[PDB]
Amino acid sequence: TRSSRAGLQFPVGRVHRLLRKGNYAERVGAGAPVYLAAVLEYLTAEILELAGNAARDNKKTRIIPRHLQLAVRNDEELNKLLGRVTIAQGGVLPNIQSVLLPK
């Protein structure tokens, strides 16, 4: 498999098939699906790494939507990348505006 030859867990063949069926361009070079598969892998690795700790902090061995929401929103860059996305069942970061609090 091309993934192995590339040291990736993500399907380089599938990504290549999807790049050809999506009508992105008349042709797709050989390195494009590899490069894309690697990026996709990195980003999901990045999310799971933080969602996992959220699950840990919340004392749970299983990552649930709420954890992915905390990982995303407490992370500046992931929050930017998903600024227009809504994670179902994610809720919101606990946050009360100072002036609302009692002295």
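Note that residue numbering follows the sequence shown and begins at 1.
A.B. asks: Averaging C-alpha B-factors over each stretch, which comes out higher, 51-59 or 65-73?
C.D. replies: Higher mean C-alpha B-factor in the PDB entry: 51-59.
A.B. asks: Test of understanding: from the entry's C-alpha B-factors, which stretch has the higher mean, 8-16 or 83-91?
C.D. replies: Mean CA B-factor is higher for 8-16.
A.B. asks: Sorting by Cα B-factor within the chain, modelled residues only, which third would residue 78 end up in: lowest, middle or highest?
C.D. replies: CA B-factor rank for residue 78: middle third.
A.B. asks: Sorting by Cα B-factor within the chain, modelled residues only, which third would residue 38 end up in: lowest, middle or highest?
C.D. replies: CA B-factor rank for residue 38: lowest third.
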